[PDB]
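Participant: My structure is below; once you've seen it, I'll send some questions.
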Amino acid sequence: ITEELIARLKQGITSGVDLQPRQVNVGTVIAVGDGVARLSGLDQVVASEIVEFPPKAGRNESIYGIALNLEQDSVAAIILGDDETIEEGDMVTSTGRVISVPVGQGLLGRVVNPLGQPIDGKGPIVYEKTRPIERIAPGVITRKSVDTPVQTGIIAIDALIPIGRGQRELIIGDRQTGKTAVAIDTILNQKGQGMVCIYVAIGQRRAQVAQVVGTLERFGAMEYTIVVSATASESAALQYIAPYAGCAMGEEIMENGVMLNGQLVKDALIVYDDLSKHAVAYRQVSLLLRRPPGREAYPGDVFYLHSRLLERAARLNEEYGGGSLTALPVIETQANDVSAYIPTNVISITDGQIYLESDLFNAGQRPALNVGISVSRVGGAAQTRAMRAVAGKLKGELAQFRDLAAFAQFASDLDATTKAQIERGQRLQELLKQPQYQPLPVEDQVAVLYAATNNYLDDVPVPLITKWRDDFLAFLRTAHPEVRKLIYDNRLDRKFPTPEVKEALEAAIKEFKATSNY
Amino acid sequence: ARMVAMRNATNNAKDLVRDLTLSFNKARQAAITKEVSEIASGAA
Amino acid sequence: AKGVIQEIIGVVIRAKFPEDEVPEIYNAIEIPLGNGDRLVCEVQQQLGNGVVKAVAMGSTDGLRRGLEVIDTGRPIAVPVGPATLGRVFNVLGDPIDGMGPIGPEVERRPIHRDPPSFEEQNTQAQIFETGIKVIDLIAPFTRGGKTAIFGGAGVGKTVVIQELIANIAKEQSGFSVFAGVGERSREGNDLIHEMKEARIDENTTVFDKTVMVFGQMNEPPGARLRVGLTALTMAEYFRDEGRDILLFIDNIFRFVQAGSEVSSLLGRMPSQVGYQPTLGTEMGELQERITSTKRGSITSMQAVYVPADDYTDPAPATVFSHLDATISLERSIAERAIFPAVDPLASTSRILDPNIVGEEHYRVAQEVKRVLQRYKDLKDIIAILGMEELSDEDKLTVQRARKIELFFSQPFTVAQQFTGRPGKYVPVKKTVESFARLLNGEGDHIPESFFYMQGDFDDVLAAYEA
Amino acid sequence: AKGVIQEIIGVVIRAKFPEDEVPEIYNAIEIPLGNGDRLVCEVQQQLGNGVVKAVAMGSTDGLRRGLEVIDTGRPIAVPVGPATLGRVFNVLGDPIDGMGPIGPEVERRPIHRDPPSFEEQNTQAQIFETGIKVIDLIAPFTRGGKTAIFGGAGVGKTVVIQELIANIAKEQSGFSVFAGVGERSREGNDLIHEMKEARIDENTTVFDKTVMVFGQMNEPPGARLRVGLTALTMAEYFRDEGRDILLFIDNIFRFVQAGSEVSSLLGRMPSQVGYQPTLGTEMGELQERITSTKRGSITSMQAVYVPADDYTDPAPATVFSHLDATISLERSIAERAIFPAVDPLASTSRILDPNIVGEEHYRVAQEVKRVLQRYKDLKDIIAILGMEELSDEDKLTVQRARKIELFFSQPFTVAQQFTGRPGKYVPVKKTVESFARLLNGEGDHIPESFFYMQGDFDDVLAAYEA
Ligand SMILES: Nc1ncnc2c1ncn2[C@@H]1O[C@H](COP(=O)(O)OP(=O)(O)OP(=O)(O)O)[C@@H](O)[C@H]1O
Ligand SMILES: [Mg+2]
């Protein structure tokens, strides 16, 4: 039926175009700075349009720019591409659209620019809907209390610092501590939990983003992950708009959803890999625009900058779709300077913090969480009833050990109860230690924590506790596959240690301990 | 006697920590003031 | 009116007007957004020939220079009246809840009022009776006076807020205003909505007795700066009717931070540690309309976040300069199930002097703190050697101090449905008598239990007999 | 294409060009001097009407306000090729060594180039085989990765550089580049030139296999800013051929400092502590060209000088944001005749995880640095207990720690003609096997000083048998 093509054509050709010449308003570049153009008299430009810089002699492409400053008789446009080509006298055209990014099912497993242009070299993006960057937060009455848990896969986070769908948990740490490692472990653990992870990679090296994408592809997590990337070499405009593009891509998932594994997934998880670098990029943009600085030279609206970005992460109620968008901002502090400007801003914005300390990271506690200061204001509402019922004693014993943490090397010359508390705390801390790219499912964590809180690892020496776990779960993975399913089935039961699962788990633990020697 | 001496030393160390915290906070405020003053001077 | 946008730099915009009819400062100019919605910008400076510099208070991302601007001729008009009760508003007065518009029949007042004159101020300070034993004894409120609460929000601060609202509603005229300055959309808006709608008192929910104004995080710095003034404007209508109002401002430090951000955006020179030069003046524009006048009184409790841990930082210092009482919620007191987790030693109040609360109130409060302070000193020693080494009388003070700190617990009417225990309103005189009779020796034979979550001493005895 | 100088303020030159022939943003200005040579500037800001603000790259102590300037159209063009090998160059690519100028036939490449795209980046990190036991075990490099030494003078850093060059030139093709950015002319020159010319391998001097570009502290800030990019271009030429390149940017921090000055003189608004607003982007444009593509890899081992001892400072933090490994040279290890002064502790590398290096490599690298995790904390106990005469089992741990500390030392080929000991190249597999077998206890039969300067455990055994 080519006649259908001939009929659809030859009709819009004849009467689908005005073809009427008209005066259009353009602008002349009058000063090119360190990535900033002034554009002279380009009227009818919206406060955040994406100007075009049409091709000229010696340039067969177009570099786009954002018209951030609409001054009088001048429009300071931040350049998204490379500024080395735009010269004084160049013509600019004001595309009437605020920056928009493609969204939908098409952008799964693809690495894209903050402008939605693919950079993985696997073909053009297939899409039919573009969502605008910089949209208003969902609203007050549009949300619901966070109840569904986001299974990180790390015992420490998933047991003591719960993350729920719609909760904004901050991963704050000092330089090389494992923030990207924690984010990647969280992303890898959503294989069958019906969630679409997003990784933004603001200001990271191209090599690091490439290795992250390789890790995600190697574990098969690049079939539900969207990777945005504005690397260090790219202009400050791309780093400035990267998290907003990522969260627009995530808002499409939250509101409309995508077909993941033949199921309508409306939950999304987004990881802003460095808001400490996004803030630096925005500071560079502001200072090159000669906007008045503030504390630490950051512009006045830098709290607003991250606030817009993070306040779009919400748990919508059933009326608006029931979707979600979990945000995991990442911050690199300097010498644990929590009182710094950007860390304090994002800490006040977010609903929780995961403090990763270099001291614990170097000591040997490789997941370097500091449970004493790390909080999750959602708390138990972001945990399954099984984990909520089991982790209370874990948290209590860990707190008691922390109160006696100065005493570990003097454990022998202490009270029997104090020595027992110290020993239990050491065992629990060794239990929380976890390798990389080995997330534990919820049933495995529940089983291990039930074995630990109850006096079952007391006979196992501390240096082998980790090994014990790495064996016990394997035992449950092979010898007793039914107990894991039994735990997972009634993980939502109000009284989780129901007699059936209690006897099953007790028998499994006793059978494992009897055979093994430690 | 060692227990009493260490109790007194711990109390003295806590008092010294409080004094040093006050001094550190004063220095932190002074550093922030100096930084913003010089940044505003460079801008103007 | 009918100006045109001349400059758009972030939130800070500039609007050119005719040589006449230039808007005044704080005049809330309005930009049509191409539809029914509009962008309200507050004029902060007048420049040259008709140009006015204003703060956006909105997205300001879809605007173009040359767009029409309309002068309202007055500061931000906020609806006031009984219609605001049971409704949730933003800084601009637009209701952000599900219910529809307020309506033109309801009176609208300017956001920027003036504090009551010198004549209208009360000569003497009157104690505000909240009804909570620890609050009314250790750190008593002041009618028309500011109050600060220190907590990590995981220690039942919202429970205390709801209890105060319910107490004033049931035993006074009872209208309250909650200003969520810098309030998170999830943690601070929907959670508090559900808590206030679920919490009920004498067949009326707490939400029906309060007016909630939310300047959220995602709003620009001007909105978070003026949300407190919107809340004061809303509460001043009820104050002018002779009623007594409780104003709960969450994280006034976020109001300070919004002011600092606005000053930085406007280009003003920075002062001290990244603070606005107009810090004292801005804190005086607020918290000065919170006074006990002849007609009525507005008493405010304001959560205060301390930057780092500095009580000498300019923002908490300026807040403290306007405070009459401080309540220090502490985590350990709440880990043990003492829900009114007010730390008596840390929490203080100005009105706790003999000439106002009475000699008997002052004497018992000091003795309560004295034995508690002795207990805090012996907390080390008890862990050092055991309770045995402690001398007698000191052993009594430890035993008595534990009983009194357990007695600081009190059932709440807003927590009746959660805990299945009726709330107990303990008057200040009853609290003073009960604690004096606890200290003098009565109830010593009673164990530590039977003091937990009780009302007066009469409740502690009646329970012991039964 | 000829303009006239307008203003001269220090090393910042403003030049007005014709309206239609304004130079680009990174072109060279090339001011001609009377005495035959020229002053090559670099544009930094197009502004005004044909006016460009540029950085001098030179003294500018003999220039008027009317001198002509000849735009070169292209950015600073630097000679690249096999000809530019074993020669010393300045920022402009002019050979500053005694030998003659580079011939016109040699290809000139722009100093500013686009770093490799994301598609070309390796999807899996790969270890870089240096041959040094302590480096290849404790802090393995990365193919196309960055490593920083934190060491002063007299710790053998120069000898480490020479051996790295020699090893890469022997095992691989391994041409090397050395950019001394803001170095002392005494240390950087005539103590690197002479030591590398004297150092020899396979009858070829190290200097013959190494390119040198030197922007020293005496040169203006622009020269120290662009010397790194000059070295990157020279290395990228060889990388395009597929050959592996090792690049040493000595005092990369002095690069950052240079940029700061370039910004301060350019009128840019200061950021943080006086540093340039374009700090992250400027560092990225230099650290992103150092990566491992499919054709070849530019591995970099830089040197970082932290002002005072502040790692919180913006320049060290920005440097560390682009670092893959840290090698901590120490005075104590160097003065103990341990020729490689690399500290087993305080030397980290993100490659040291079982997924990349391997489970056995990670296991042994954790087994070592664990007996030293305490840094033999027993040494404190030995000081006031004398080992309590002997430790129950600790005394063994001390013996193993001393043996492995001695074993970290390795005879270097570049020092073979100084200490009269043949150089030993140790593969990473040999290193891991040797250290694992030593930790099992095979090394509990040989005394100390038998591990003093030997390449493999097998080499230690041969010595014990003989
Ligand atoms: N959970 C973990 N298990 C094992 N190794 C880990 C873990 N977390 C971190 N590491 C090790 O630490 C290295 C650095 O971790 P990672 O890259 O996640 O840190 P980061 O905080 O994101 O640092 P950066 O500031 O460099 O981006 C990893 O390459 C790995 O070798
Ligand atoms: Mg990281």
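Cβ placement follows ideal geometry from the backbone for every residue including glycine, while neighbour counts extend to all protein chains displayed. Bear in mind these aren't lab numbers, they're just calculated from the coordinates by the rules spelled out.
Participant: Measuring nothing but label to label, 7 Å from Cα along Cα→Cβ, what are C:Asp37's distances to the other copies in nm, shortest first?
Facilitator: C:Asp37 label point versus its equivalents elsewhere: 6.4 nm.
Participant: So, one more: Helix-only mean residue ellipticity at 222 nm, chain A, DSSP H runs n ≥ 4 weighted -39,500 (n - 2.57), per residue, nearest 500. What is it? Each step should come with its number before you reach the end.
Facilitator: Numbers: 16 runs with 186 residues, N = 518.
Dividing the helical sum by the residues of chain A leaves -11000 deg cm²/dmol.
Participant: I'd like the distance separating the alpha-carbon centroids of the range D:124-165 and the range D:387-461, in whole Å.
Facilitator: Going from one Cα centre to the other spans 19 Å.
Participant: Output the relative contact order of the range D:167-267, whole-number percent, from Cα pairs under 8 angstrom with separation of 6+ residues.
Facilitator: Working: 148 pairs, mean separation 40.7, N = 101.
Reported as a whole number, the value is 40 percent.
Participant: Let me know the Rg and Dmax you get for the range D:355-450 when you use only its Cα atoms, in Å.
Facilitator: Radius of gyration, then largest Cα-Cα span, for the range D:355-450: 15.7, 45 Å.
Participant: Quick check: from the Cα gyration tensor, does the range D:162-204 come out rounded (a/c under 1.5), prolate or oblate?
Facilitator: On the way: a/c = 3.72, a/b = 1.70, b/c = 2.19.
Oblate shape, in that a/c is at least 1.5 and b/c is the bigger or equal ratio.
Participant: Please work out whether the range A:179-326 counts as rounded, prolate or oblate from its C-alpha gyration tensor, where a ≥ b ≥ c are the square roots of the eigenvalues and a/c under 1.5 means rounded, while otherwise a/b larger than b/c means prolate and anything else oblate? Provide the component values of the computation, followed by the final result.
Facilitator: On the way: a/c = 2.75, a/b = 1.49, b/c = 1.85.
Judged from the Cα gyration tensor, the range A:179-326 comes out oblate (a/c at least 1.5, b/c at or above a/b).
Participant: Could you list the trypsin sites (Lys or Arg not before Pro) in the range D:1-76 that lie in coil according to DSSP, counting only those with at most 16 other Cβ atoms within 10 Å of their Cβ? Can you show the working numbers first?
Facilitator: Details: sites: D:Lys2, D:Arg14, D:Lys16, D:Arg38, D:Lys53, D:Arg64, D:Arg65; in loops: D:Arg64, D:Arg65.
Answer in residue order: D:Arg64, D:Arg65.
Participant: Provide Rg over Rh for the range C:72-166; use the alpha carbon set for both Rg and the Kirkwood Rh (inverse mean inverse pair distance). Can you show the working numbers first?
Facilitator: Working: Rg = 17.7 Å, Rh = 17.0 Å.
My calculation of the ratio gives 1.05.
Participant: Okay, next question. What are the label-to-label distances in nm, one decimal and shortest first, from D:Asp20 to the same spot in the other copies, with labels 7 Å along Cα to Cβ?
Facilitator: Going from nearest to farthest copy, the values are 5.2 nm.
Participant: Give, as a single signed number, the net charge of other residues whose beta carbon lies under 10 Å from the beta carbon of D:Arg14, with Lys and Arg counted +1 and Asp and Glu -1.
Facilitator: Working: positive: D:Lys16, D:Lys53, D:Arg65; negative: D:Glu7.
Taking every Cβ under 10 Å from that of D:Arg14, the sum is +2.
Participant: Which percentage, to the nearest 5, of the DSSP beta bridges contained in the range D:157-294 is antiparallel? Let's see the in-between values first.
Facilitator: On the way: 3 of 15 bridges.
Bridges in the range D:157-294 that DSSP calls antiparallel: roughly 20 percent.
Participant: Give me the mean projected area, in nm² to one decimal, of the convex hull enclosing the Cα positions of chain D.
Facilitator: Numbers: hull surface 100.1 nm².
With every direction weighted equally, the projected area is 25.0 nm².
Participant: Quick one: divide the alpha-carbon radius of gyration of the range D:223-364 by 2.2 N^0.38 Å and tell me what you get. Walk me through the intermediate numbers first.
Facilitator: Numbers: Rg = 17.4 Å, N = 142, 2.2 N^0.38 = 14.5 Å.
Relative to the rule-of-thumb radius for its length, the range D:223-364 sits at 1.21.
Participant: Against the empirical 2.2 N^0.38 Å scaling, what ratio does the C-alpha Rg of the range A:17-172 come to? Present the calculation step by step, with values, prior to reporting the outcome.
Facilitator: Working: Rg = 21.2 Å, N = 156, 2.2 N^0.38 = 15.0 Å.
The range A:17-172 yields a ratio of 1.41.
Participant: While we're on this one: Find the percent of Cα-Cα distances in the range A:270-413 that exceed 27 Å, and round it to a whole number. Show your work: numbers first, answer last.
Facilitator: Details: 4111 of 10296 pairs.
Beyond 27 Å sits 40 percent of the P(r) for the range A:270-413.
Participant: Cα atoms only, the range D:102-236: Rg and Dmax in Å?
Facilitator: Every Cα atom of the range D:102-236 included, Rg and Dmax give 16.2, 46 Å.
Participant: Provide an ascending nm list, one decimal, of label-point separations from C:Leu345 to the equivalent residue in each further copy; define each label point as 7 Å from Cα along Cα→Cβ.
Facilitator: 3.7
Participant: Run through the range A:76-160 and list the trypsin sites (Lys or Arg not before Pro) located in a DSSP loop whose Cβ has at most 15 other Cβ atoms within 10 Å. Kindly include the intermediate steps, with their values, before the conclusion.
Facilitator: Working: sites: A:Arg97, A:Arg110, A:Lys122, A:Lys129, A:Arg135, A:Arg143, A:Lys144; in loops: A:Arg110, A:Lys122, A:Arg135, A:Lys144.
Passing both the DSSP loop test and the Cβ count: A:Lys122.
Participant: With the contact rule set at Cα under 8 Å and sequence spacing of 6 or more, what percent relative contact order holds for the range A:1-155?
Facilitator: Details: 240 pairs, mean separation 28.5, N = 155.
Over the range A:1-155, the number comes to 18 percent.
Participant: Going by the alpha-carbon gyration tensor, a ≥ b ≥ c the square roots of its eigenvalues, is the range D:1-105 rounded (a/c under 1.5) or, if a/c is not under 1.5, prolate (a/b greater than b/c) versus oblate? Provide the component values of the computation, followed by the final result.
Facilitator: Working: a/c = 2.38, a/b = 1.76, b/c = 1.35.
It comes out prolate by the Cα gyration axes.
Participant: Looking only at Cα atoms, what is the convex hull volume of the protein assembly as shown per residue, in Å³? Show your work: numbers first, answer last.
Facilitator: Working: hull volume 340.8 nm³, N = 1494.
Taking only Cα atoms, the protein assembly as shown has a hull volume of 228 Å³ per residue.
Participant: Per residue, what volume in Å³ does the Cα convex hull of chain A take up? The partial results should precede the final answer.
Facilitator: Working: hull volume 98.3 nm³, N = 518.
It comes to 190 Å³ per residue, whole-number rounded.
Participant: Calculate how many DSSP beta bridges within chain D are antiparallel, expressed in % of all such bridges and rounded to the nearest 5.
Facilitator: Numbers: 32 of 56 bridges.
Given both bridge residues lie in chain D, the antiparallel proportion sits at roughly 55 percent.
Participant: While we're here: Kindly provide the chymotrypsin sites (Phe, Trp or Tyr not before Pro) of the range C:46-143 that DSSP labels as loop, not H, G, I, E or B, and whose Cβ sees at most 12 other Cβ atoms within 10 Å.
Facilitator: Passing both the DSSP loop test and the Cβ count: C:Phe118.
Participant: Quick one: order A:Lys467, D:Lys430, C:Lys133 by neighbouring beta-carbon count within 10 Å, fewest to most.
Facilitator: Working: A:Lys467 14, D:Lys430 19, C:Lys133 27.
Ordered by Cβ neighbours within 10 Å, fewest first: A:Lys467, D:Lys430, C:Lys133.
Participant: Now for a separate question. Counting only GluC sites (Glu not before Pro) that sit in a DSSP loop (anything but H, G, I, E, B) with at most 11 other Cβ atoms within 10 Å, what is the longest stretch of chain A containing none of them? Spell out each step's value before the answer.
Facilitator: Values: sites that count: A:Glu61, A:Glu128, A:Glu318, A:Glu319.
By the stated rule (loop sites, at most 11 other Cβ atoms within 10 Å), A:320-518.
Participant: Any chance you could check the Cα centroid distance between the range A:251-319 and chain B for me, in angstrom?
Facilitator: When both Cα centres are located, 35 Å separates them.
Participant: For the range A:352-487, go through all pairs of different Cα atoms, get the mean of 1/r, take its inverse, and jot down that Kirkwood value in Å. Don't skip to the end; give the middle numbers.
Facilitator: Details: mean 1/r = 0.0625 Å⁻¹.
Computed over Cα pairs of the range A:352-487, the Kirkwood hydrodynamic radius comes out at 16.0 Å.
Participant: Can I ask one more? Summing -39500 (n - 2.57) over the DSSP H runs of n ≥ 4 in chain D and dividing by its residue number, what mean residue ellipticity at 222 nm do you reach, to the nearest 500 deg cm²/dmol?
Facilitator: Values: 15 runs with 143 residues, N = 466.
Calculated at 222 nm, the ellipticity per residue is -9000 deg cm²/dmol.
Participant: Take the Cα atoms of the range A:87-194, build their convex hull, and give its volume per residue in Å³.
Facilitator: Working: hull volume 24.9 nm³, N = 108.
Here the figure is 231 Å³ per residue.
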